[PDB]
Amino acid sequence: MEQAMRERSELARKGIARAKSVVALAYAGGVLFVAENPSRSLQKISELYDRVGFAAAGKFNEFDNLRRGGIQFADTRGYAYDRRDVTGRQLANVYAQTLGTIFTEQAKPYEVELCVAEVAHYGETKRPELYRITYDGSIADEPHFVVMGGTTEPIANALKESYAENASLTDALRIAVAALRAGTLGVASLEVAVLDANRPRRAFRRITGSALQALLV
Amino acid sequence: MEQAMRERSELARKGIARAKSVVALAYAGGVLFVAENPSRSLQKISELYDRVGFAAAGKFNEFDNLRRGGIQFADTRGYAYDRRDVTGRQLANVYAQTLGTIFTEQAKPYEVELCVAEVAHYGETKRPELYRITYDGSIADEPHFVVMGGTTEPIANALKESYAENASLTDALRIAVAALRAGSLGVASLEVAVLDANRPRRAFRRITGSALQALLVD
Amino acid sequence: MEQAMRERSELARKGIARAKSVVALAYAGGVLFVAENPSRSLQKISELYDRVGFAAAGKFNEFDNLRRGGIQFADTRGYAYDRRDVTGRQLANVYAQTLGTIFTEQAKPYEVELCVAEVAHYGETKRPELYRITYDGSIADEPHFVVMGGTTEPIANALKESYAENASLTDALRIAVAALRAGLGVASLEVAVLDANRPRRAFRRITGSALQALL
Amino acid sequence: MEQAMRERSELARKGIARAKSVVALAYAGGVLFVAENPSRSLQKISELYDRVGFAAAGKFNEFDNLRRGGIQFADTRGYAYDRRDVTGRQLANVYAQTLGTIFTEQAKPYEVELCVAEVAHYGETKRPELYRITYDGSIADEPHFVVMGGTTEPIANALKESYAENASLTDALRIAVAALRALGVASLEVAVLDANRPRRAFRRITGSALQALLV
Amino acid sequence: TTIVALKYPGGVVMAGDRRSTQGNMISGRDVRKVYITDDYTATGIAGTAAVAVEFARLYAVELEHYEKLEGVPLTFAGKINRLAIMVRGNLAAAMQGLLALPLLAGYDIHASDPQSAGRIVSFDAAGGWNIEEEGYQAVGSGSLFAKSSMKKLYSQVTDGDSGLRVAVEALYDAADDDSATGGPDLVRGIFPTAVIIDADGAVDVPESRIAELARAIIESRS
Amino acid sequence: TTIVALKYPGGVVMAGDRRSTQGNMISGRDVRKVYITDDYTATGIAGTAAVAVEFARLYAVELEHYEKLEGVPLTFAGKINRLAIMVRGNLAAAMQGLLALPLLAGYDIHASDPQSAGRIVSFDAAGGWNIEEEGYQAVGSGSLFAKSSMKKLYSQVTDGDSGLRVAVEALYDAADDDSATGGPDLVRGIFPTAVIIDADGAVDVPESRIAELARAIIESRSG
Amino acid sequence: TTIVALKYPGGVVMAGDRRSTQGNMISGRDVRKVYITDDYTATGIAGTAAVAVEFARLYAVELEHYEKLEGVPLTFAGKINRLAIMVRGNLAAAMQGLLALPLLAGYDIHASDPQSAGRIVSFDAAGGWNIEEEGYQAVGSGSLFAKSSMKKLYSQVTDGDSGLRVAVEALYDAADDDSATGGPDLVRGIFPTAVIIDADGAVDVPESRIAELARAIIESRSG
Amino acid sequence: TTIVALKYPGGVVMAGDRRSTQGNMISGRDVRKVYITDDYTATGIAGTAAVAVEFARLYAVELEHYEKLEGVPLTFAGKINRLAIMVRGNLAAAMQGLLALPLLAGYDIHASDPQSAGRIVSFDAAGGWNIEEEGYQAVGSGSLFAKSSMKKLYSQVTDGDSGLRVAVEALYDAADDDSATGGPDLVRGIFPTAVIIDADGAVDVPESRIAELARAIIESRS
Ligand SMILES: Cc1cc(C(=O)N[C@@H](CC(=O)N2CCCC[C@@H]2C)C(=O)N[C@@H](C)C(=O)NCc2ccc(F)cc2F)no1
Ligand SMILES: Cc1cc(C(=O)N[C@@H](CC(=O)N2CCCC[C@@H]2C)C(=O)N[C@@H](C)C(=O)NCc2ccc(F)cc2F)no1
Ligand SMILES: Cc1cc(C(=O)N[C@@H](CC(=O)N2CCCC[C@@H]2C)C(=O)N[C@@H](C)C(=O)NCc2ccc(F)cc2F)no1
Ligand SMILES: Cc1cc(C(=O)N[C@@H](CC(=O)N2CCCC[C@@H]2C)C(=O)N[C@@H](C)C(=O)NCc2ccc(F)cc2F)no1
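Chains as they are written, first to last, in PDB author numbering: chain T, 9 to 191, 202 to 235; chain S, 9 to 192, 203 to 236; chain R, 9 to 191, 203 to 234; chain Q, 9 to 190, 203 to 235; chain b, 1 to 222; chain Y, 1 to 223; chain a, 1 to 223; chain Z, 1 to 222.
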């Protein structure tokens, strides 16, 4: 029993440790996702729902399976009730249940770490919410930032000394890429997006290409 | 768990290492597929959809199951939505999920490596896209070429120092055949095909017989 | 995993290596099947479809299973499309898939080796096709002959030395019986032919005094 | 994999080794089944169909399940087609398939050995056919006799030394009993596939009549 | 039946008659057709008594089920969608006589203005719904009479009290012209039930108040 | 439609017309209704064209399927029973207008006397069959005409040429009295299809032989 | 009901009336029948209020579902096929009185010429669709009147604002001849709803603009 | 609707009208009823517009599906079998009004004689089929008119140009007697669609060529 679960835990951890790292932090305009991703078309950050965003680390097919399941959950609940009943807390909760089931019952555990974020609805005053779901269904409520994958202690500490609330978009971005480096890196090796509390309905936005370049400098 | 996934990984990897080699290559007119293959009718390169092609290394019946599954998926999406909604990205994504599941839950993992390629729709300007999907669901977006099966380091090196994005069909073909030899060769031992971005609708086209001979010689 | 597949592979290979041998070779008239076979009623060679024939080596109940499954496939596809859509390539393809599944998932792997052959339709020019499918679903395209069962090496070499394209029925038959011996009269032989000169059903058995006359 | 299959093989092999023995042989009047059977009411020899008879050695409940499944097969096929389409080779073939499936898949392999025999239809001239299906689905086509169960080699030897084609009923019976000792009416189950009866060839030879024959 | 609902400054009121019939025969005098379905919501239901009550019961259990599972109550929009889905699910039965046709009155705690946050939602037997912008609405065999009354009396609604008065007098006119709607029964002491909902939640209106208003309308007419 | 079948010494012959209709309208002129179902048997079917043809194709596949699976062809009795089972299976559809009423002719290689090995089997829509002992049979909308014709002409049947003559003439009478059965079309060259079966197997009668017999019948009846 | 759509240079407009009935009885004065279903498409459905709304909502959800799952929206063709599939799915209910008949207006961000990137797609109850090439379309009980009116007025459409006036006018005529289509209600201040779509996306038309167009139409047709 | 198909020396031509109705009301002027279903095959379908188009789309997808799965296209006999099966599969819905009656035209790359490799196959609603041997066929509400026209005009079919002209003229005669088949529209410039197949494949006939043919026919009849 306990040996099986220690093995599953280790296989998973070693999976996530060997993955490229990801950071999502609260900033003045909402929440920022910055991910080490050289791919041209395969994405690790994603929209879940109107004000709810998603980012993961680990094995791509597994956390993409989870992203898709989450979009299914969100759209279904929004339809059967109302759009405004879909919340980040809910999706973190279902991811917790889903990953716990996966971790105890599936042939192999998912080598995955997940971050669900929510910003306020348009015109409302509400602190952004970050949640981290680890491979075994553990769920953590985080106030300022979330760090996932690779070697996290360096990046988390970098942020812990450089993170300041109400940061602007460029400041927050540079703090995030700086923390990532502690673990040369520009448009071609980054996937960036934001939950932008200023947009009226769909808050998820990718910042790519000329825009991202402009913001890095 | 650890030993099980350990020797699953070893069994797939070594199955693929003993299989003939295959090369997919961006060239001036689209994508070129060249596979070491002695059969006249048994195929490891195949059309998937209008502008999307497929190549595989490893155990034939397994990558053929996968090829058939992919044709099923593409024809189904195209009919459910419109043909223009089928992309190489989608097929690669579905292959990574499928092969991940196979790898963790099937009696034997599949001894296969897959390449999905896509070229521009007719009249459009879009650099080809090449995707590699390995036995465990890992997926990699690649810029110029993909090498699968057998001993890949030599062939990748030959292409890295020989590759030309703007080569002609003939040039790209002899580059690919050269690299395949450097990984160890005529019409009777090759399967060649192309995703031709110049065709109006279906870009997939095989290059057989005296035509393939013409491309090899002079 | 590695343990299991090693065991399954060796069980299959030992089974087949203990079984009697079978040869199929292309000759001027079509395809010739010759199998060492002492039974008078139990058969190792079979018709599949109009121009497609089947030969198997190993455990009878298992390759008879796969023979019935092939006939099911052939007839069902021919009814669903047209008779001419059925090919040896696709029968061989589905046997590849089937033995692959069997080999990895049945309680015991099948101890069988399979050959599927096609000849041209009446009045057309098409080199015969020969396919060899082994117990793990591996499939091979062969131009001249296919050897299955028992010690395949002596027979394969004998055929490599003695095989000539477009032999006579008599000469192909002699070459075959001779390569077989390297690892035999009427009463110990089952012989059949895919006869490209038959109008629709090419499969024909050469039995009794007719076989004797060519021996 | 090879472990399981070895243990299965020798479990069934030893089971059959311990069982009483059964012989079946072709004679001038059809086919004769003679088995050692102390019971007065439990049968090891059975009619399957018009001209098709069944005999078995080993564990009773298992070869009785197979006997019943065979009758089911014959009555279903004769009904689904015509009576005349049911052959001994058809029953022997499906017994092969079944015993193979049992052998690889059942919780315990069956400890049985089966003989299926067929005599000519009334008024025809057809050599009796004898089939022997072993515990692993292996099947064999026999021209003169089959021995099953217990120590088969003494009996096989006796018959190979004492067997004569077209023997009379009383003689074949004598030789058969003799081979079995290598045994009176109360210890013998004896039946015949009588090729001179119009429809159903199977008839037991029991009690007084059996004694008159043994005398 | 007549169920009525109307918006007044800072709240909403809903009121329903007490009559049950089978054809022409009076089978009940004291049935309740208006239910507090949660702290900020009442549903009045016309149709088959059993299906109506079943709807109210199920609906309240459903809204609270969500609230306990998710830690927060459904938005008003979601509450509407769940009632509407219930009605649509019953259409097949409703065509065979088992009809539940609801009317929703709520107070939206999330709305901007705590004086216009009152909500009245009408439904049709397919589950179609509409949020009533003109201040009042009614359902049931007497709903036309009730609506044509409130059309004239609605200018008198200035607070909870006058709104309840107009609601009970609408129910009165309904009873005057529809025999399937019960009027105030002064002999037995049975009167329409009513709920009023404001920022402080939904509350049952004391019978004695409705009786007072009924006696005042009755006296007024004679 | 009219399909006819009849025995002649040492074999059997089956012929069928070529017409396809939708009410009064002629929708087809060259349809084929008589089919070599295997080396020794032909089935001809009347009713709805799609279901008729479907039956013929599936029944042929079934016989050859048994023969390949078992190494031996079904007995003639088994062939009958399989056709009857198919027919019974179609009954509900047949009552809703998807009708298939067949007629079977063949040569029984396992019969006693090659002198009387020809077989004519008729069916009804519930799947009942009967092995005709009086030498001829017909099915389809023109069947009673063709059978009364053959009732007068059968004594003229002494070999396969006479048998094929009598069957073409039966079809001719049938088309003469039943507008849903087509007669010979001399303008277009379309004549009934015919199978003749003996110990050497079932073979198609070339169109030109039917043409010749047609012209003989016409000229016989005009003068 | 009357819903109209038409193409103007560079864009499309769609407008719908506000009326809900049960038989003769007016059960709604402010219902919304035209909906922005994605950033570049609007859908307007006639039929049973409940099914029509449910369609608009579920369709928007399906389009955004695809966009989130695959990182890119459906092609316009795909969007059409999904609406058609929904309608076909509802057919049996619609033949029992739960009808939803949509009219689709859109701007194709992948069309060749942006000035004619406008798209107007009409549907029938079976899910058959046609992309309208003569520039306008209408659905609902008043769509005949609206379409004849537009046949006469379309030549005046030279831009978005004249397209909006023509759409409002078509709805006016419709309400003039069809009691199940509501006209502008000047006492209550309720007017048709309008969506307009160009390269910058789909935007709701403010009620005041529709009100001005309506009052102009009314004064025009008066003294 | 009217769809026509005819063989000409070395190929085949199919053409269809453009009209869509609902009873007497004209609901479509430019609908397409003839579809290149693969490199050597076109199918035209009469009946319920939605069902006809669905049949063409799914049919071509089925043929290409087989091609990419097996590496080789279905024989012509196999394409016929598959279309037939689709129709028989739809019989139940067809009885209730979702009808789809196809006409198949093709060029058999495996036929013996290239000059007679053209194929025309007609179908009935039960899935029965027939390979036409007399040169021409038609389908839809106007097909009797079109076939009776072609019967007179077919002797003039000596090449693809004559074949195309005779086809368009049959569509013209149909539209002249069947209000559910649309004639050439000169005001709008809408003309029948047409596809021609020979050894080089199946190709769409440009609208302007159909227009020239149309005017020549009208002229010739005035
Ligand atoms: C299929 C069927 C219908 C009926 C029926 O007509 N049932 C009557 C109700 C009735 O006779 N009853 C007395 C005993 C039990 C309880 C109840 C009170 C009804 O439903 N009549 C309809 C016309 C009606 O009056 N509906 C009013 C109403 C609305 C909402 C509500 F909650 C309660 C109500 F009574 N019975 O079976
Ligand atoms: C459900 C349905 C039935 C029909 C229908 O009546 N279909 C006609 C046949 C017809 O119009 N067709 C032309 C296009 C296709 C092929 C075929 C030839 C039929 O079935 N008619 C019956 C009454 C008939 O004539 N049957 C004769 C017949 C018998 C056996 C056979 F094999 C073929 C035949 F045509 N249509 O839809
Ligand atoms: C089975 C059934 C049908 C009906 C019915 O007639 N339902 C009416 C709608 C109605 O009475 N209502 C008021 C309260 C509820 C919601 C809505 C506002 C309808 O559907 N009438 C048709 C004739 C109609 O008016 N349709 C207009 C329309 C079109 C699109 C849209 F989105 C909304 C609409 F109201 N009731 O039960
Ligand atoms: C259950 C049902 C049937 C109908 C109906 O009659 N639908 C009409 C089609 C129609 O009104 N439409 C305009 C808007 C949408 C698309 C289409 C173009 C039809 O099917 N009519 C039949 C009689 C017809 O005219 N069919 C011609 C036709 C044939 C083949 C083809 F591919 C397309 C066609 F329009 N509506 O609901």
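Quick reminder that beta carbons are idealized off the backbone N, C-alpha and C, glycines included.
Note down, in chain order, every chain S residue with its Cβ under 9 Å from the Cβ of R97 of chain R. Under the 9 Å cutoff, chain S gives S49 and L50.
From what residue to what residue does the beta strand (DSSP E) around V121 of chain Y run? Segment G118 to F123, the beta strand (DSSP E) holding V121 of chain Y.
Closer than 8 Å: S155 of chain b CB and nearest ligand 3 heavy atom: Because no heavy atom of ligand 3 lies under 8 Å away, the Cβ of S155 of chain b does not count as near it: no.
Proximal residues of chain T, C-beta to C-beta of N45 of chain S below 8 Å: Under a criterion of Cβ atoms nearer than 8 Å, no residue of chain T is adjacent to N45 of chain S; the nearest Cβ is some 29 Å distant.
At a threshold of 8 Å, does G142 of chain a count as lining ligand 3 (C-beta to nearest heavy atom)? Shortest gap from the CB of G142 of chain a to any heavy atom of ligand 3: 8 Å or more.
Taking the Cβ atom as the reference point for each residue, do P114 of chain b and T43 of chain b lie within a distance shorter than 9 Å? Between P114 of chain b and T43 of chain b, the C-beta gap is not smaller than 9 Å, which leaves the two residues out of contact.
May I ask whether a heavy atom of ligand 3 can be found less than 8 Å away from the beta carbon of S179 of chain a? No; taking the cut-off as 8 Å, the Cβ of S179 of chain a has no heavy atom of ligand 3 nearer than that.
Contacts that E70 of chain Y makes with chain Q (C-beta to C-beta distance below 7 Å): Chain Q residues near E70 of chain Y: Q98.
Identify every run of the alpha helix (DSSP H) within the stretch 62-147 of chain Q, keeping only runs that are complete inside it and at least 4 residues long; order them along the chain. The qualifying runs are 68-88 and 96-113.
Bridge partner(s) assigned by DSSP for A42 of chain Y: Looking at the DSSP assignment, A42 of chain Y forms a beta bridge with Y:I36 and Y:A105.
Are there any heavy atoms of ligand 2 lying less than 8 Å away from the beta-carbon of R32 of chain Y, as far as the coordinates show? Indeed, a heavy atom of ligand 2 lies less than 8 Å from the Cβ.
Please check the pair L104 of chain b and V168 of chain b, which I expect to be a contact at CB under 8 Å, by giving their CB distance rounded to whole angstroms. That pair is no contact at about 20 Å.
At a threshold of 8 Å, does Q22 of chain Z count as lining ligand 4 (C-beta to nearest heavy atom)? The answer is yes for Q22 of chain Z.
Sorry if obvious, but does the Cβ on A199 of chain a come closer than 8 Å to a heavy atom of ligand 2? Because no heavy atom of ligand 2 lies under 8 Å away, the Cβ of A199 of chain a does not count as near it: no.
Give me whichever residues DSSP pairs with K7 of chain b in a beta bridge. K7 of chain b pairs with b:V12.
Please classify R224 of chain T: does DSSP put it in a helix, a strand, or coil? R224 of chain T falls in the strand class under three-state DSSP.
Considering only heavy atoms of ligand 3, does any lie closer than 8 Å to the CB of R19 of chain a? Yes, Cβ of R19 of chain a sits closer than 8 Å to a heavy atom of ligand 3.
Please determine whether the Cβ atom of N130 of chain Z lies at a distance below 8 Å from any heavy atom of ligand 2. Within the cutoff, so yes.
So, with DSSP's three-state summary, where would you put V31 of chain b? If DSSP states are grouped into helix, strand and coil, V31 of chain b belongs with coil.
Residues that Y35 of chain Q bridges to, as DSSP identifies them: As DSSP reads the structure, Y35 of chain Q sits in a beta bridge with Q:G38.
Between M14 of chain a and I36 of chain a, what straight-line distance do the alpha-carbon atoms span, to the nearest angstrom? Roughly 10 Å between the two C-alpha positions.
Sub-9 Å separation of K28 of chain Q and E10 of chain Q beta-carbons: For the pair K28 of chain Q and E10 of chain Q, the CB atoms are not nearer than the 9 Å cut-off.
Assumed close pair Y40 of chain a, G106 of chain a - CB separation to whole angstroms, cut-off 8 Å: Correct: roughly 6 Å between the Cβ atoms.
Name the residue from a:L6, a:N24 and a:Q137 whose alpha carbon lies nearest to the alpha carbon of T158 of chain a. Per the C-alpha coordinates, the member of a:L6, a:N24 and a:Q137 positioned closest to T158 of chain a is a:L6.
For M9 of chain Q, go through chain R and note every residue whose CB falls closer than 7 Å to its CB, in chain order. Within 7 Å Cβ-Cβ: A12, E15, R16 and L19.
Measure from the alpha carbon of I141 of chain T to the alpha carbon of each residue in T:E150, T:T133 and T:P162, then state which is nearest. A check of alpha carbon separations from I141 of chain T across T:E150, T:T133 and T:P162 identifies T:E150 as the nearest.
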